[PDB]
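Okay, here's what each chain looks like letter by letter:
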Number of protein chains: 2
Amino acid sequence: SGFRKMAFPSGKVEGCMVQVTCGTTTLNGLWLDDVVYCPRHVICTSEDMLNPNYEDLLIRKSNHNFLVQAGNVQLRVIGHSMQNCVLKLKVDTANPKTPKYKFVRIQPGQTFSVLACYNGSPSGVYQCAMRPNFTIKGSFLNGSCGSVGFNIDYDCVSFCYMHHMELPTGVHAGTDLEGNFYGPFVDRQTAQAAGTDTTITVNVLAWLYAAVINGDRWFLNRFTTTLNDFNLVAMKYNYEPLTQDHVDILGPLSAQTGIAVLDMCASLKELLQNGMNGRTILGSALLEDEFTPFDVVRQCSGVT
Amino acid sequence: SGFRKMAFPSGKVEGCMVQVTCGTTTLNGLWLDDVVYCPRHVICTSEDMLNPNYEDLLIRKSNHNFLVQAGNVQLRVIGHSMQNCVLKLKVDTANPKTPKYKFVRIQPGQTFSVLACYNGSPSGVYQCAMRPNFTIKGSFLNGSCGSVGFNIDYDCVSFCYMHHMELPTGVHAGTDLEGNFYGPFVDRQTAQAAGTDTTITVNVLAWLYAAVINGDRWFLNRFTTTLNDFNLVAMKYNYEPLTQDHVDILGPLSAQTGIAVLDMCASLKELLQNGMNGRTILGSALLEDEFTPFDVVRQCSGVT
Ligand SMILES: C[C@H]1CN(C(=O)Cn2cccn2)CCO1
Ligand SMILES: C[C@H]1CN(C(=O)Cn2cccn2)CCO1
């Protein structure tokens with residue numbers, strides 16, 4: 001029993017983290033096979049960052065200008081290329097700790113683990129969600145860029161995020177490992193405002209299921225609803241619309257608990273309209289939306 | 001910016017987790033040097049657990065009855081001993097991945113990371129606190145016993161917890177790595193009720209400091225208080241008494257923010273008496289108490 005905000009074990013990713021230095025900028029790189037992946041803004045002065053022309057800045061950079069340190073040993077850079085907003089530094093040594101891996105681009109509402117690193121060294125691990133506005137709410141200080149987000153699915157480390165930026169509102173923006181930003185964000189120190197940070201409804205419902213499975217049941221009510229009725233209330237509360245695809249995804253949790261998904265929607269509707277009245281669910285005073293239905297099943301079943 | 005419930009990177013502990021089987025009970029062991037540490041209840045039938053005599057049950061056990069598997073390779077058990085509520089299984093192979101380590105017994109209010117494991121395989125990592133009633137609020141399914149709690153301090157993995165039990169109220173009890181339970185709990189399937197789960201005041205104050213450092217400042221008020229005045233309100237709200245030792249520990253966060261500790265106490269006092277009024281602090285609708293002052297400094301400074 002018990003339900004925790006749980007990250008994946010980070011060891012497989014720890015073994016991939018290196019330090020990348022260009023001039024006096026140090027940040028983190030990801031070493032898979034004989035490639036090191038890092039934010040292309042490693043090449044920028046903080047002045048460069050106001051309006052960087054990356055292709056022009058890169059002309060001034062040779063392989064020997066990229067210093068890559070794995071622990072306290074230097075890796076030899078034998079090639080570099082820019083792919084979207086990441087650099088790929090080809091090194092002469094394959095990472096001997098390279099796990100089985102994939103690069104995946106996740107959808108808003110999908111969760112992942114972040115291994116926060118500084119100078120290529122792991123400081124901590126936490127669980128994030130890709131917000132509906134394509135920001136994440138991380139914990140990232142200067143030096144943390146190139147820290148990665150990942151899931152460990154089916155004996156494969158799926159890398160989904162690399163840290164690039166903090167917006168003026170202190171939320172975070174980054175890329176997939178092909179260097180494509182999530183959302184409309186750019187690696188430039190300019191006015192970038194995030195859109196509405198809506199609640200990930202399907203994740204809230206998953207977490208209410210987790211709550212019932214762990215004996216937190218006070219919020220279960222005598223009502224049901226329809227997707228259309230529920231969605232009218234969701235819209236009003238800045239919740240994401242629930243689709244039949246979401247209802248299908250919650251099927252296994254519905255089965256396990258015997259609570260129809262639309263009944264749980266009507267319980268969520270009353271929680272929105274009535275509030276928590278000073279009560280908690282799984283030790284939270286607000287409705288948690290950074291657990292996917294897959295996360296709830298995984299944690300409630302003990303997958304390794 | 002940003003402040004996350006962050007666990008230590010788990011790789012150093014992942015490399016220590018093994019499977020221990022006695023008859024048809026499988027749980028987790030910790031492999032350091034040539035010793036495997038596991039809950040002594042590995043030897044019990046679920047019937048045994050109602051009133052176990054461990055010394056008597058152990059007479060029936062030989063080295064060859066303890067099956068220890070590290071990945072998919074069997075370790076040879078060449079000795080076993082009971083120390084308090086743990087077994088120490090001496091194996092013929094030193095763990096080649098043994099990190100620098102210490103065994104420490106933590107105090108209530110101290111936080112640590114748990115690597116939840118099943119069949120000796122890591123499933124996830126999360127941050128816990130030793131509650132003032134010497135329980136933890138974990139996430140532990142059948143098979144998770146022998147999962148460990150740890151801190152990584154000063155290039156040393158300090159193991160502080162091994163999972164043994166779930167109480168009927170679904171909170172958790174375990175031992176240090178010398179096999180001594182935290183609190184009054186025993187490894188027997190009997191009525192064990194936890195005491196008052198008080199809020200860890202010094203940790204709440206640390207987290208309010210973290211909130212100010214990360215720009216969440218709405219709760220800062222125009223008042224101060226004294227330890228005695230504050231403690232009268234704390235007592236009423238089931239908060240731990242604040243001591244001058246706690247005030248001293250918060251000194252660096254006071255200095256960094258320029259908010260006197262007693263001013264922050266008076267802000268906390270108003271939050272208790274007035275409530276959150278539907279507002280959040282660092283994305284929480286309740287006052288978080290599972291960050292120590294050391295955790296706030298570490299995360300706000302980027303220690304690796
Ligand atoms: C030779 C490498 C392989 N490693 C793995 O994690 C393999 N792996 C990935 C997913 C499942 N298993 C890390 C350390 O050394
Ligand atoms: C030979 C072992 C050593 N390991 C360490 O983590 C060492 N270490 C502990 C604290 C800081 N460093 C794990 C893998 O192989």
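What counts and how
Sequence order as written determines residue numbers, which begin from 1 on each chain and need not coincide with the entry numbering; residues that lack coordinates are not included. Key to labels: chains lettered from A, ligands numbered from 1, both in the order written. Hydrogens and waters are ignored; side-chain quantities use all the structure's heavy atoms. Contacts are assigned to residue pairs with any non-hydrogen atoms lying within 4.5 Å of each other. Note: buried area is the sum, over both parts, of the accessible area (probe 1.4 Å) each one loses when the two are combined. Salt bridges are identified by distance alone: a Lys or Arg side-chain nitrogen within 4 Å of an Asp or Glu carboxyl oxygen. In protein, a polar contact requires one atom able to donate a hydrogen and another able to accept it; more generally it is a pair of N or O atoms within 3.5 Å, and residues adjacent in sequence count only if both atoms are side-chain atoms. Segments assigned H or I by DSSP are reported as helices when at least four residues long, segments assigned E as strands when at least two residues long, and all are numbered from the N terminus. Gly falls in the polar group here, along with every residue not listed as nonpolar (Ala, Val, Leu, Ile, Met, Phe, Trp, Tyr, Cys, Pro) or charged (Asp, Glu, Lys, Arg). To define a nonpolar core, start from buried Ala, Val, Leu, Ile, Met, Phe, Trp, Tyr and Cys residues and group those joined through side-chain atoms within 4.5 Å. Only protein chains enter the accessibility calculation, which uses a 1.4 Å probe; a residue whose area is less than 20% of its type maximum is buried, one above 50% is exposed, and one in between is partly exposed. Summary of the distance rule: residues count as near a molecule or strand when at least one heavy atom falls within 4 Å of that molecule or strand. In these tables, accessible area is a Shrake-Rupley quantity obtained with a 1.4 Å probe, and a residue counts as shielded only by the protein chains included in the view. Where each domain begins and ends follows an automated or database-derived domain assignment.

- The deposited coordinates for this entry were obtained by X-ray crystallography, with a reported resolution of 1.4300 Å.

### With respect to the interface of chain A and chain B
- With 43 residues of chain A in contact, the opposing surface of chain B contributes 43 residues.
- Summing both partners gives a buried area of about 3000 Å² for chain A against chain B, and 55% of it is carried by carbon and sulfur.
- Together, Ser1(A), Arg4(A) and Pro9(A) form the three largest contributors to the area buried by chain A at its contact with chain B, with a combined 23%.
- At the junction of chain A with chain B, the criterion picks out two salt bridges.
- Summed over the shared surface of chain A and chain B, the result is 23 residue pairs in polar contact.
- Among the elements of the structure, α1 (11-14), β9 (111-118), β10 (121-129) and α8 (293-301) of chain A are those that each provide at least two residues to the side of chain A that touches chain B.
- For the side of chain A that touches chain B, the leading source of residues is β10(A), giving eight residues.
- Here the side of chain A that touches chain B is composed, by residue class, of 18 nonpolar, 19 polar and six charged.

### Let's talk about the nonpolar core
- Counting 39 residues, the largest nonpolar core has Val13(A), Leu30(A), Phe150(A), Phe159(A), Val13(B), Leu30(B) and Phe159(B) as its most contacted members.
- Apart from residues no more than four positions distant in its own chain, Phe150(A) is found in contact with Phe8(A), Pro9(A), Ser10(A), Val13(A), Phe112(A), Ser113(A), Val114(A), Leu115(A), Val157(A), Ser158(A), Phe159(A) and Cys160(A).

### Quick word on the site of ligand 1
Residue and element names in this part refer to chain A.
- Around ligand 1, the surrounding shell consists of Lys-12, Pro-96, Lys-97, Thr-98, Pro-99, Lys-100 and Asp-155.
- Note that an oxygen atom of ligand 1 is positioned 2.7 Å from one of the side-chain N or O atoms of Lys-12.
- Contact with the protein chains covers 62% of the free accessible surface of ligand 1, which is 380 Å².
- For the shell around ligand 1, the per-class residue count stands at two nonpolar, one polar and four charged.
- Looking at which domains feed residues into the shell around ligand 1, each of domain 1 (1-14 + 100-197) and domain 2 (15-99) supplies at least three.

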